[PDB]
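Dropping upload-v2.txt in here (compact mmCIF, C-alpha atoms and all ligand atoms):
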```
# COMPACT_ATOMS: atom_id res chain seq x y z
CA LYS U 1 -1.15 -3.45 32.73
CA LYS U 2 -3.69 -5.76 34.47
CA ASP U 3 -7.05 -6.13 32.79
CA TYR U 4 -8.91 -6.69 35.98
CA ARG U 5 -11.97 -6.78 33.75
CA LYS U 6 -10.51 -9.97 32.28
CA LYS U 7 -9.83 -11.50 35.69
CA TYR U 8 -13.29 -10.63 37.03
CA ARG U 9 -14.91 -11.98 33.86
CA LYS U 10 -13.02 -15.26 34.28
CA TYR U 11 -14.05 -15.54 37.92
CA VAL U 12 -17.72 -14.81 37.24
CA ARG U 13 -17.81 -17.17 34.26
CA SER U 14 -16.35 -19.87 36.51
CA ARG U 15 -18.67 -19.24 39.46
CA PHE U 16 -21.92 -18.80 37.47
CA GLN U 17 -21.86 -21.79 35.11
CA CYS U 18 -23.70 -24.53 37.02
CA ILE U 19 -27.23 -24.81 38.40
CA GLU U 20 -27.83 -27.15 41.33
CA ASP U 21 -31.39 -28.45 41.54
CA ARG U 22 -33.30 -28.72 44.82
CA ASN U 23 -32.58 -32.45 45.25
CA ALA U 24 -28.94 -32.47 44.17
CA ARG U 25 -26.70 -34.92 45.98
CA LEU U 26 -23.10 -33.75 46.29
CA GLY U 27 -21.51 -32.93 42.95
CA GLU U 28 -24.57 -33.21 40.70
CA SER U 29 -24.57 -29.72 39.20
CA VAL U 30 -25.90 -29.11 35.68
CA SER U 31 -24.58 -26.60 33.15
CA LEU U 32 -26.76 -23.54 32.58
CA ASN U 33 -26.16 -23.56 28.82
CA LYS U 34 -27.57 -27.09 28.83
CA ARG U 35 -30.52 -26.71 31.22
CA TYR U 36 -31.57 -23.14 30.44
CA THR U 37 -34.46 -22.45 28.08
CA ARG U 38 -35.80 -18.99 27.15
CA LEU U 39 -38.78 -17.56 29.02
CA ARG U 40 -41.36 -14.99 27.88
CA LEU U 41 -40.86 -11.34 28.82
CA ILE U 42 -43.51 -8.68 28.23
CA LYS U 43 -43.84 -4.98 29.03
CA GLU U 44 -46.79 -5.34 31.36
CA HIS U 45 -50.13 -4.09 30.04
CA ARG U 46 -52.31 -6.53 31.97
CA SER U 47 -55.80 -5.20 32.69
CA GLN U 48 -58.17 -6.62 35.31
CA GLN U 49 -60.47 -8.48 32.91
CA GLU U 50 -57.37 -9.58 31.01
CA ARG U 51 -55.86 -11.03 34.19
CA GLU U 52 -59.05 -12.86 35.14
CA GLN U 53 -59.49 -14.30 31.65
CA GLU U 54 -55.84 -15.36 31.62
CA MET Q 1 -24.24 -12.77 34.30
CA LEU Q 2 -22.72 -15.82 32.59
CA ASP Q 3 -23.51 -14.51 29.10
CA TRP Q 4 -21.88 -11.18 29.91
CA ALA Q 5 -18.83 -12.95 31.34
CA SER Q 6 -18.53 -15.07 28.19
CA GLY Q 7 -19.04 -11.90 26.13
CA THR Q 8 -22.42 -12.60 24.54
CA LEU Q 9 -24.34 -9.46 25.57
CA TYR Q 10 -23.56 -6.01 26.95
CA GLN Q 11 -20.04 -6.18 25.54
CA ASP Q 12 -20.13 -2.38 25.66
CA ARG Q 13 -22.29 -0.33 28.06
CA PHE Q 14 -21.01 -1.84 31.31
CA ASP Q 15 -18.46 -4.41 32.45
CA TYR Q 16 -19.03 -4.83 36.20
CA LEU Q 17 -22.33 -6.65 36.64
CA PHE Q 18 -22.21 -7.06 40.43
CA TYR Q 19 -24.71 -9.77 41.33
CA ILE Q 20 -26.22 -8.95 44.72
CA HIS Q 21 -28.61 -11.46 46.26
CA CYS Q 22 -31.06 -9.88 48.68
CA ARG Q 23 -31.61 -12.81 51.06
CA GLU Q 24 -27.90 -13.23 51.75
CA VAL Q 25 -27.36 -9.50 52.39
CA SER Q 26 -28.57 -9.04 55.96
CA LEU Q 27 -29.24 -5.40 56.80
CA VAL Q 28 -28.18 -4.49 60.31
CA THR Q 29 -24.45 -4.31 60.60
CA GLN Q 30 -22.28 -2.01 58.48
CA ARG Q 31 -22.66 -2.88 54.79
CA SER Q 32 -20.51 -0.45 52.80
CA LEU Q 33 -20.45 -0.32 49.01
CA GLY Q 34 -16.75 -1.14 49.21
CA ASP Q 35 -17.53 -4.43 50.95
CA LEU Q 36 -20.53 -5.07 48.70
CA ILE Q 37 -18.23 -4.79 45.68
CA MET Q 38 -15.45 -6.83 47.32
CA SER Q 39 -17.79 -9.72 48.16
CA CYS Q 40 -18.55 -10.27 44.47
CA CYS Q 41 -14.92 -9.63 43.46
CA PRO Q 42 -12.31 -12.24 44.43
CA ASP Q 43 -9.18 -10.44 45.58
CA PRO Q 44 -7.49 -9.22 48.77
CA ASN Q 45 -8.48 -5.81 47.41
CA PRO Q 46 -10.34 -5.08 44.17
CA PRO Q 47 -9.63 -1.68 42.63
CA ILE Q 48 -12.65 0.32 43.76
CA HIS Q 49 -11.34 3.87 43.38
CA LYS Q 50 -11.01 2.70 39.76
CA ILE Q 51 -14.06 0.45 39.30
CA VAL Q 52 -16.51 2.96 40.81
CA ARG Q 53 -14.81 5.85 39.00
CA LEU Z 1 -24.16 -54.69 49.69
CA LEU Z 2 -25.76 -58.11 49.30
CA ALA Z 3 -23.93 -59.27 46.15
CA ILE Z 4 -20.48 -58.06 47.21
CA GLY Z 5 -21.24 -59.97 50.39
CA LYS Z 6 -21.96 -63.11 48.41
CA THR Z 7 -18.98 -62.92 46.07
CA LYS Z 8 -19.43 -60.00 43.67
CA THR Z 9 -17.02 -61.98 41.47
CA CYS Z 10 -18.93 -61.54 38.20
CA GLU Z 11 -17.30 -59.67 35.33
CA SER Z 12 -18.48 -56.07 35.85
CA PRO Z 13 -15.95 -53.77 34.17
CA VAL Z 14 -16.47 -50.01 34.37
CA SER Z 15 -15.01 -46.83 32.90
CA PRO Z 16 -12.30 -45.47 35.23
CA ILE Z 17 -11.51 -41.89 36.19
CA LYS Z 18 -7.94 -40.63 35.96
CA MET Z 19 -6.11 -38.43 38.47
CA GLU Z 20 -4.18 -35.76 36.55
CA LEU Z 21 -7.36 -34.31 34.98
CA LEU Z 22 -9.47 -34.44 38.13
CA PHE Z 23 -9.73 -30.63 38.10
CA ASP Z 24 -10.31 -30.17 34.37
CA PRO Z 25 -13.68 -28.80 33.23
CA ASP Z 26 -16.41 -31.28 32.35
CA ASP Z 27 -16.59 -30.21 28.71
CA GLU Z 28 -13.69 -28.63 26.83
CA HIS Z 29 -14.53 -24.92 26.81
CA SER Z 30 -16.20 -24.46 30.19
CA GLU Z 31 -14.62 -23.49 33.48
CA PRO Z 32 -12.29 -25.71 35.50
CA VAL Z 33 -13.64 -27.03 38.79
CA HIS Z 34 -12.41 -25.44 42.01
CA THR Z 35 -13.33 -28.15 44.50
CA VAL Z 36 -13.21 -31.94 44.65
CA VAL Z 37 -14.58 -34.13 47.43
CA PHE Z 38 -13.18 -37.63 47.86
CA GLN Z 39 -15.56 -39.78 49.88
CA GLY Z 40 -15.23 -43.41 50.93
CA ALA Z 41 -15.74 -45.83 53.78
CA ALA Z 42 -13.62 -45.68 56.93
CA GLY Z 43 -10.04 -46.66 56.21
CA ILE Z 44 -10.41 -47.19 52.46
CA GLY Z 45 -7.55 -45.06 51.22
CA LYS Z 46 -8.34 -41.35 51.52
CA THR Z 47 -5.19 -40.36 53.39
CA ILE Z 48 -2.92 -42.69 51.43
CA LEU Z 49 -4.32 -41.27 48.20
CA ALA Z 50 -3.68 -37.72 49.42
CA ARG Z 51 -0.11 -38.68 50.30
CA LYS Z 52 0.31 -40.33 46.90
CA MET Z 53 -0.88 -37.17 45.15
CA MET Z 54 1.48 -35.04 47.24
CA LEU Z 55 4.51 -37.25 46.62
CA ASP Z 56 3.75 -37.61 42.91
CA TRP Z 57 3.43 -33.84 42.54
CA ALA Z 58 6.69 -33.32 44.44
CA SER Z 59 8.46 -35.80 42.16
CA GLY Z 60 6.82 -34.09 39.18
CA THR Z 61 4.49 -36.83 37.95
CA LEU Z 62 1.16 -34.95 37.91
CA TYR Z 63 -0.04 -31.35 38.06
CA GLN Z 64 3.29 -30.12 36.74
CA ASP Z 65 1.37 -27.05 35.60
CA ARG Z 66 -1.85 -25.77 37.22
CA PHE Z 67 -0.53 -25.41 40.76
CA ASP Z 68 2.73 -25.87 42.65
CA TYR Z 69 1.84 -25.41 46.35
CA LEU Z 70 -0.19 -28.43 47.40
CA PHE Z 71 -0.48 -27.60 51.11
CA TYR Z 72 -1.49 -30.80 52.89
CA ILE Z 73 -3.71 -29.91 55.84
CA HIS Z 74 -4.81 -32.71 58.15
CA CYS Z 75 -8.06 -31.96 59.95
CA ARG Z 76 -7.50 -33.92 63.16
CA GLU Z 77 -4.20 -32.18 63.90
CA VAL Z 78 -5.63 -28.70 63.27
CA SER Z 79 -7.46 -27.89 66.50
CA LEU Z 80 -9.92 -25.03 66.10
CA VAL Z 81 -9.99 -22.74 69.09
CA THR Z 82 -6.91 -20.62 69.26
CA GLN Z 83 -5.81 -18.26 66.48
CA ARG Z 84 -5.14 -20.25 63.28
CA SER Z 85 -4.14 -17.76 60.57
CA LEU Z 86 -3.56 -18.73 56.96
CA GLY Z 87 0.00 -17.47 57.37
CA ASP Z 88 0.63 -20.02 60.11
CA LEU Z 89 -1.30 -22.72 58.23
CA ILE Z 90 1.03 -22.21 55.27
CA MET Z 91 4.15 -21.98 57.45
CA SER Z 92 3.39 -25.27 59.22
CA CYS Z 93 3.58 -27.17 55.93
CA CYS Z 94 6.56 -25.11 54.73
CA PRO Z 95 9.91 -25.63 56.48
CA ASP Z 96 11.57 -22.24 56.92
CA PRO Z 97 11.94 -19.47 59.51
CA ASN Z 98 9.66 -17.59 57.11
CA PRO Z 99 8.21 -18.89 53.84
CA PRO Z 100 7.43 -16.22 51.24
CA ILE Z 101 3.68 -15.80 51.69
CA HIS Z 102 3.17 -12.36 50.14
CA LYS Z 103 4.58 -14.20 47.11
CA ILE Z 104 3.10 -17.70 47.46
CA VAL Z 105 -0.45 -16.46 48.09
CA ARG Z 106 -0.09 -13.79 45.40
CA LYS Z 107 -1.28 -16.26 42.73
CA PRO Z 108 -4.09 -18.31 44.32
CA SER Z 109 -4.88 -19.51 40.80
CA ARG Z 110 -1.94 -21.91 41.29
CA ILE Z 111 -2.54 -23.73 44.59
CA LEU Z 112 -4.03 -26.89 46.05
CA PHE Z 113 -5.34 -27.26 49.58
CA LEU Z 114 -5.45 -31.03 50.05
CA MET Z 115 -7.33 -31.79 53.27
CA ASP Z 116 -8.25 -34.95 55.16
CA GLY Z 117 -10.73 -36.43 57.60
CA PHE Z 118 -13.38 -33.75 57.37
CA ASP Z 119 -15.48 -36.16 59.45
CA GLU Z 120 -13.15 -35.10 62.27
CA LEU Z 121 -15.10 -31.85 62.40
CA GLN Z 122 -18.76 -32.70 61.66
CA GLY Z 123 -19.72 -31.69 65.15
CA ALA Z 124 -17.66 -28.52 64.77
CA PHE Z 125 -19.88 -27.03 62.04
CA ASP Z 126 -23.30 -26.18 63.59
CA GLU Z 127 -23.91 -22.42 63.75
CA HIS Z 128 -23.03 -20.36 60.68
CA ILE Z 129 -20.08 -18.35 61.98
CA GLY Z 130 -20.91 -14.79 60.99
CA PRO Z 131 -17.29 -13.63 60.76
CA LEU Z 132 -15.81 -15.07 57.55
CA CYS Z 133 -12.31 -13.62 57.20
CA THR Z 134 -10.93 -12.93 53.72
CA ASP Z 135 -7.27 -12.26 54.55
CA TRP Z 136 -4.27 -14.48 55.26
CA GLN Z 137 -2.50 -11.97 57.56
CA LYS Z 138 -5.03 -12.00 60.40
CA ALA Z 139 -5.82 -13.95 63.55
CA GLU Z 140 -8.52 -15.98 61.81
CA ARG Z 141 -9.77 -17.77 64.98
CA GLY Z 142 -9.20 -21.31 63.67
CA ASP Z 143 -12.54 -22.96 62.94
CA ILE Z 144 -13.75 -19.70 61.37
CA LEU Z 145 -10.68 -19.70 59.13
CA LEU Z 146 -11.41 -23.31 58.17
CA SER Z 147 -15.01 -22.47 57.27
CA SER Z 148 -13.86 -19.47 55.24
CA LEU Z 149 -11.35 -21.63 53.37
CA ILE Z 150 -14.06 -24.21 52.65
CA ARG Z 151 -16.42 -21.49 51.38
CA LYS Z 152 -13.58 -20.02 49.26
CA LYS Z 153 -13.39 -16.62 50.93
CA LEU Z 154 -9.64 -16.91 51.51
CA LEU Z 155 -8.00 -17.19 48.09
CA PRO Z 156 -11.43 -17.61 46.44
CA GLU Z 157 -9.69 -18.69 43.22
CA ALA Z 158 -7.41 -21.17 45.02
CA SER Z 159 -8.30 -24.75 44.15
CA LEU Z 160 -9.27 -27.22 46.87
CA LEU Z 161 -9.63 -30.91 47.65
CA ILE Z 162 -11.42 -32.43 50.65
CA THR Z 163 -11.37 -36.06 51.71
CA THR Z 164 -14.07 -37.17 54.09
CA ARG Z 165 -15.97 -40.15 55.39
CA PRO Z 166 -19.63 -40.25 54.29
CA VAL Z 167 -20.89 -38.91 57.62
CA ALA Z 168 -21.78 -35.29 56.84
CA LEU Z 169 -22.78 -34.92 53.16
CA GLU Z 170 -25.86 -32.82 53.97
CA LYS Z 171 -24.31 -30.25 56.31
CA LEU Z 172 -21.29 -30.13 54.00
CA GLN Z 173 -23.41 -29.37 50.93
CA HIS Z 174 -24.23 -25.93 52.37
CA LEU Z 175 -20.54 -24.96 52.18
CA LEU Z 176 -19.24 -26.41 48.90
CA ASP Z 177 -19.01 -24.41 45.67
CA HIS Z 178 -20.59 -27.02 43.39
CA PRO Z 179 -17.71 -29.47 43.93
CA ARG Z 180 -17.02 -32.43 41.68
CA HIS Z 181 -16.83 -35.32 44.12
CA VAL Z 182 -15.35 -38.78 43.63
CA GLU Z 183 -16.33 -41.91 45.55
CA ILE Z 184 -13.56 -44.36 46.41
CA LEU Z 185 -14.07 -48.12 46.43
CA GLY Z 186 -10.80 -49.96 47.06
CA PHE Z 187 -8.97 -52.71 45.22
CA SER Z 188 -11.32 -54.20 42.70
CA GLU Z 189 -10.54 -57.85 41.95
CA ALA Z 190 -7.01 -58.07 40.55
CA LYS Z 191 -5.65 -55.11 42.49
CA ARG Z 192 -5.82 -57.37 45.56
CA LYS Z 193 -3.79 -60.19 44.01
CA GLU Z 194 -1.37 -57.47 42.96
CA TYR Z 195 -1.28 -55.93 46.45
CA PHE Z 196 -0.19 -59.26 47.89
CA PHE Z 197 2.74 -59.26 45.46
CA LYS Z 198 3.76 -55.86 46.85
CA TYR Z 199 3.33 -56.73 50.53
CA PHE Z 200 5.08 -60.10 50.44
CA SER Z 201 8.68 -60.63 49.37
CA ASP Z 202 8.64 -63.18 46.54
CA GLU Z 203 6.36 -65.42 44.50
CA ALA Z 204 6.96 -68.35 46.87
CA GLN Z 205 5.29 -66.33 49.64
CA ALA Z 206 2.74 -64.41 47.59
CA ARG Z 207 1.20 -67.37 45.76
CA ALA Z 208 0.37 -69.37 48.88
CA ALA Z 209 -0.55 -66.24 50.84
CA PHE Z 210 -3.09 -65.19 48.21
CA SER Z 211 -4.47 -68.70 47.67
CA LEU Z 212 -5.13 -69.04 51.40
CA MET N 1 -24.68 -41.88 55.29
CA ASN N 2 -25.70 -42.63 51.74
CA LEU N 3 -28.51 -40.19 50.95
CA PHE N 4 -31.11 -41.04 48.32
CA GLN N 5 -33.10 -38.36 46.50
CA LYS N 6 -36.69 -39.22 45.61
CA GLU N 7 -39.21 -36.91 43.96
CA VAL N 8 -38.07 -33.47 45.11
CA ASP N 9 -35.85 -34.02 48.17
CA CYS N 10 -33.32 -36.57 49.41
CA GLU N 11 -33.36 -38.44 52.72
CA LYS N 12 -30.60 -39.85 54.91
CA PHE N 13 -31.08 -43.64 54.89
CA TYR N 14 -28.10 -44.58 57.03
CA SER N 15 -26.49 -47.89 56.11
CA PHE N 16 -23.76 -50.26 57.23
CA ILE N 17 -20.49 -50.60 55.34
CA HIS N 18 -21.56 -54.14 54.48
CA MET N 19 -24.09 -56.86 55.32
CA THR N 20 -21.44 -59.21 56.72
CA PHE N 21 -20.19 -56.37 58.91
CA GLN N 22 -23.72 -55.79 60.19
CA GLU N 23 -24.07 -59.51 60.92
CA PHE N 24 -20.81 -59.43 62.87
CA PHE N 25 -22.11 -56.49 64.88
CA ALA N 26 -25.31 -58.42 65.61
CA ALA N 27 -23.20 -61.32 66.85
CA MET N 28 -21.26 -58.89 69.04
CA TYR N 29 -24.57 -57.60 70.42
CA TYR N 30 -25.47 -61.13 71.44
CA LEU N 31 -22.06 -61.91 72.93
CA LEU N 32 -21.56 -58.63 74.80
CA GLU N 33 -23.31 -58.08 78.12
CA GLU N 34 -26.01 -55.42 78.72
CA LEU N 35 -38.53 -49.90 72.67
CA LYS N 36 -36.73 -53.24 72.95
CA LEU N 37 -34.46 -55.14 70.57
CA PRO N 38 -34.83 -58.92 69.87
CA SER N 39 -34.72 -61.08 73.01
CA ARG N 40 -31.13 -61.95 73.85
CA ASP N 41 -32.03 -65.62 73.95
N1 LIG V 1 -3.18 -47.05 47.91
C1 LIG V 1 -3.03 -48.01 48.84
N2 LIG V 1 -2.49 -49.19 48.54
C2 LIG V 1 -2.34 -50.14 49.47
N3 LIG V 1 -2.71 -49.99 50.74
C3 LIG V 1 -3.26 -48.85 51.17
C4 LIG V 1 -3.45 -47.78 50.22
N4 LIG V 1 -4.01 -46.77 50.89
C5 LIG V 1 -4.17 -47.17 52.17
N5 LIG V 1 -3.72 -48.42 52.32
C6 LIG V 1 -3.73 -49.18 53.58
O1 LIG V 1 -4.83 -48.72 54.35
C7 LIG V 1 -4.39 -48.15 55.57
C8 LIG V 1 -5.14 -46.86 55.89
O2 LIG V 1 -5.63 -46.24 54.72
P1 LIG V 1 -6.32 -44.80 54.84
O3 LIG V 1 -7.16 -44.54 53.63
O4 LIG V 1 -5.31 -43.80 55.30
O5 LIG V 1 -7.33 -44.95 56.04
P2 LIG V 1 -8.09 -43.61 56.39
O6 LIG V 1 -9.30 -43.53 55.52
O7 LIG V 1 -7.14 -42.44 56.43
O8 LIG V 1 -8.58 -43.90 57.85
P3 LIG V 1 -9.72 -42.85 58.13
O9 LIG V 1 -10.94 -43.31 57.45
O10 LIG V 1 -9.19 -41.46 57.52
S1 LIG V 1 -10.01 -42.78 60.17
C9 LIG V 1 -2.90 -47.89 55.42
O11 LIG V 1 -2.22 -48.15 56.65
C10 LIG V 1 -2.46 -48.83 54.32
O12 LIG V 1 -1.92 -50.04 54.84
MG MG V 2 -8.49 -40.33 55.33
```
Translate this file's structure into structure tokens.
Amino acid sequence: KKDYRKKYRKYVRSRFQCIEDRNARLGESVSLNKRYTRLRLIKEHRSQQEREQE
Amino acid sequence: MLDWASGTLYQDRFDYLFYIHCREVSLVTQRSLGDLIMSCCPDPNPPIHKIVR
Amino acid sequence: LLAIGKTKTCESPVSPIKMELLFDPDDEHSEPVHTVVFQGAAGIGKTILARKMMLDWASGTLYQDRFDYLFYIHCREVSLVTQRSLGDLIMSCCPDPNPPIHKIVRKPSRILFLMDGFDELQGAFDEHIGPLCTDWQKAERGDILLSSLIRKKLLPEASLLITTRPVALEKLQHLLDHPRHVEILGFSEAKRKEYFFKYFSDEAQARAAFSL
Amino acid sequence: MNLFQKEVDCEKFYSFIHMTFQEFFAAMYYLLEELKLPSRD
């Protein structure tokens, strides 16, 4: 017994929880759950006239 | 990646989301899928003959 | 700069940071930090603070849990040309013909790698050494092993702590894994008049010594 | 090397440990014996 899934999940959750900005002096990371909004995703159907008008 | 790790999406389906940045991965030397899975898997040896099974 | 030069004697209390929970996660349900960076002026207390942490841990006054192998590693002493392997770097700070490494390093979740004087090697980091070992039983080349340890290739889940003069910052920021750093200041206003009472024998000495 | 971030990126802005220390170093410049810095008069 060794749920390596559990260990890998812990490691990834530890390593992927902070987002350093471009101008981030040492130790100024920000939590993703704080500074992460939700974008817009669409199954692309963008025509030429549609793109130009956009 | 973080949501999966916390268990907020893709609880089933898959459990080994191996992030692989393209810029970091230079393509000349010897990159083997074993090493590409080790890099994003902290251990002296991650079980590959079991992960990739 | 200017005020502290003048007197900086005005009442300016602040909220202090503790030492036992320096590695605890920011919130309460996040992930614990795996790197801290003490930074302060030259000769301000980095090495003495590292020694204090080591001795307090040994006596069992902090970090009773968490980790139990705080391997002090001075930077100046560790020359980087020859063959430094993590096995030897753990033996050096471990008095024995052979310390159990295949057992000590088998739980990198419980370790600390206290370092010191990373300004001793600013010059040393210039070209990104392509070989980044990930094993503790290899001839790791020294400086390459140090860079791998800093980047968390060796024992990637082994906690760390780096003291350093503010002389690199930038070049260092390309190697740290989002580390929570702490700036050191010194004795504030009363810590001085308490330091005199620890350096000098009695009140008869200390009072006049301080007043002078 | 205290680095200050402005706008989008941070710059070096080297500084002395303290103004009195810098003044002492200026005095040492004058005392010690040898673009141009202030005339050693
Ligand atoms: N916690 C402390 N309390 C009282 N005195 C201290 C303390 N820490 C350091 N000192 C004094 O400061 C001296 C050096 O302190 P350190 O912080 O070791 O200097 P240092 O920063 O190691 O020198 P560098 O910058 O690494 S070349 C010691 O010899 C002590 O006398
Ligand atoms: Mg020091």
Would you compute, for all listed atoms of ligand LIG 1 (chain V), the axis-aligned bounding box grown by 3 Å on each side, and then report its centre and edge lengths in Å rounded to one decimal, as JSON?
```
{"center_x": -6.4, "center_y": -45.8, "center_z": 54.0, "size_x": 15.0, "size_y": 14.7, "size_z": 18.3}
```
Taking all atoms listed in the file into account, report as an MDAnalysis selection string which residues have an atom no farther than 10 Å from an atom of ligand LIG 1 (chain V).
-> chainID Z and resid 39:52 74:76 116:120 163:166 184 186:187 191:192 194:196 198:199
Hey, can you spit out that residue selection with C-alpha atoms as an mmCIF file, in the coordinates of the input?
```
data_model
loop_
_atom_site.group_PDB
_atom_site.id
_atom_site.type_symbol
_atom_site.label_atom_id
_atom_site.label_comp_id
_atom_site.auth_asym_id
_atom_site.auth_seq_id
_atom_site.Cartn_x
_atom_site.Cartn_y
_atom_site.Cartn_z
ATOM 1 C CA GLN Z 39 -15.560 -39.780 49.880
ATOM 2 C CA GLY Z 40 -15.230 -43.410 50.930
ATOM 3 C CA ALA Z 41 -15.740 -45.830 53.780
ATOM 4 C CA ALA Z 42 -13.620 -45.680 56.930
ATOM 5 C CA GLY Z 43 -10.040 -46.660 56.210
ATOM 6 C CA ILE Z 44 -10.410 -47.190 52.460
ATOM 7 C CA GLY Z 45 -7.550 -45.060 51.220
ATOM 8 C CA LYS Z 46 -8.340 -41.350 51.520
ATOM 9 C CA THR Z 47 -5.190 -40.360 53.390
ATOM 10 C CA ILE Z 48 -2.920 -42.690 51.430
ATOM 11 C CA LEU Z 49 -4.320 -41.270 48.200
ATOM 12 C CA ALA Z 50 -3.680 -37.720 49.420
ATOM 13 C CA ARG Z 51 -0.110 -38.680 50.300
ATOM 14 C CA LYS Z 52 0.310 -40.330 46.900
ATOM 15 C CA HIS Z 74 -4.810 -32.710 58.150
ATOM 16 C CA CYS Z 75 -8.060 -31.960 59.950
ATOM 17 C CA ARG Z 76 -7.500 -33.920 63.160
ATOM 18 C CA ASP Z 116 -8.250 -34.950 55.160
ATOM 19 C CA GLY Z 117 -10.730 -36.430 57.600
ATOM 20 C CA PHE Z 118 -13.380 -33.750 57.370
ATOM 21 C CA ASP Z 119 -15.480 -36.160 59.450
ATOM 22 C CA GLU Z 120 -13.150 -35.100 62.270
ATOM 23 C CA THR Z 163 -11.370 -36.060 51.710
ATOM 24 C CA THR Z 164 -14.070 -37.170 54.090
ATOM 25 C CA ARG Z 165 -15.970 -40.150 55.390
ATOM 26 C CA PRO Z 166 -19.630 -40.250 54.290
ATOM 27 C CA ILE Z 184 -13.560 -44.360 46.410
ATOM 28 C CA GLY Z 186 -10.800 -49.960 47.060
ATOM 29 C CA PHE Z 187 -8.970 -52.710 45.220
ATOM 30 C CA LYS Z 191 -5.650 -55.110 42.490
ATOM 31 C CA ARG Z 192 -5.820 -57.370 45.560
ATOM 32 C CA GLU Z 194 -1.370 -57.470 42.960
ATOM 33 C CA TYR Z 195 -1.280 -55.930 46.450
ATOM 34 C CA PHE Z 196 -0.190 -59.260 47.890
ATOM 35 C CA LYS Z 198 3.760 -55.860 46.850
ATOM 36 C CA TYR Z 199 3.330 -56.730 50.530
#
```
In Å, with one decimal, what is the gap from CA of residue 156 (chain Z) to CA of residue 37 (chain Z)?
-> 16.8 Å
Contacts of chain Q with chain U up to 7 Å, shortest pair per row, all atoms listed in the file, as CSV:
```
residue,atom,partner,partner_atom,distance
Q:2,CA,U:13,CA,5.4
Q:5,CA,U:9,CA,4.8
Q:6,CA,U:13,CA,6.5
Q:41,CA,U:8,CA,6.7
```
Could you list the residues in chain Q lying within 9 Å of chain Z, using all atoms listed in the file, and format the result as a list in words?
-> residues 39, 42, 43 and 44 of chain Q
Spatial neighbours of region 145-151 of chain Z, 12 Å, only C-alpha atoms, chain gap at least 5 places, as a PyMOL selection string = chain Z and resi 34-37+73-75+78-89+112-115+118+121-122+124-140+156-162+172-179
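Going from CA of residue 20 (chain N) over to CA of residue 15 (chain Z), you cover 27.6 Å.
When CA of residue 188 (chain Z) is paired with CA of residue 24 (chain Z), their separation reads 25.5 Å.
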Counting all atoms listed in the file, chain N residues within 8 Å of chain Z, as a ChimeraX atom specification = /N:1-2,17-20
Show which residues sit within 10 Å of residue 4 (chain Q), as number ranges by chain. Count only C-alpha atoms, and ignore same-chain residues fewer than 5 positions away.
-> U: 9, 12-13; Q: 9-12, 14-17
Compute the set of chain U residues within 7 Å of chain Z, using only C-alpha atoms, and express it as an mmCIF file with C-alpha atoms, in the coordinates of the input.
```cif
data_model
loop_
_atom_site.group_PDB
_atom_site.id
_atom_site.type_symbol
_atom_site.label_atom_id
_atom_site.label_comp_id
_atom_site.auth_asym_id
_atom_site.auth_seq_id
_atom_site.Cartn_x
_atom_site.Cartn_y
_atom_site.Cartn_z
ATOM 1 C CA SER U 14 -16.350 -19.870 36.510
ATOM 2 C CA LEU U 26 -23.100 -33.750 46.290
ATOM 3 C CA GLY U 27 -21.510 -32.930 42.950
ATOM 4 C CA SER U 29 -24.570 -29.720 39.200
#
```
With all atoms listed in the file considered, list every residue of chain U at most 10 Å from chain N, as a PDB file with C-alpha atoms, in the frame of the given file.
```pdb
ATOM      1  CA  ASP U  21     -31.390 -28.450  41.540  1.00  0.00           C
ATOM      2  CA  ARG U  22     -33.300 -28.720  44.820  1.00  0.00           C
ATOM      3  CA  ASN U  23     -32.580 -32.450  45.250  1.00  0.00           C
ATOM      4  CA  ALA U  24     -28.940 -32.470  44.170  1.00  0.00           C
ATOM      5  CA  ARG U  25     -26.700 -34.920  45.980  1.00  0.00           C
ATOM      6  CA  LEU U  26     -23.100 -33.750  46.290  1.00  0.00           C
TER       7      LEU U  26
END
```
Could you give me, as a CSV table (one decimal) with C-alpha atoms, in the frame of the given file, the residues within 12 Å of residue 31 (chain N), counting only C-alpha atoms and dropping anything in the same chain fewer than 6 positions from it?
```
chain,number,residue,atom,x,y,z
N,24,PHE,CA,-20.8,-59.4,62.9
N,25,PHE,CA,-22.1,-56.5,64.9
N,40,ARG,CA,-31.1,-62.0,73.8
N,41,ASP,CA,-32.0,-65.6,74.0
```
Quick one: residues within 12 Å of residue 37 (chain N), only C-alpha atoms, excluding same-chain residues fewer than 6 positions away - as an mmCIF file with C-alpha atoms, in the frame of the given file?
```cif
data_model
loop_
_atom_site.group_PDB
_atom_site.id
_atom_site.type_symbol
_atom_site.label_atom_id
_atom_site.label_comp_id
_atom_site.auth_asym_id
_atom_site.auth_seq_id
_atom_site.Cartn_x
_atom_site.Cartn_y
_atom_site.Cartn_z
ATOM 1 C CA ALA N 26 -25.310 -58.420 65.610
ATOM 2 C CA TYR N 29 -24.570 -57.600 70.420
ATOM 3 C CA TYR N 30 -25.470 -61.130 71.440
#
```
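Considering the residues Z:210, Z:63, Z:7, Z:38 and counting only C-alpha atoms and all ligand atoms, ligand MG 2 (chain V) has its shortest atom-to-atom contact with Z:38.
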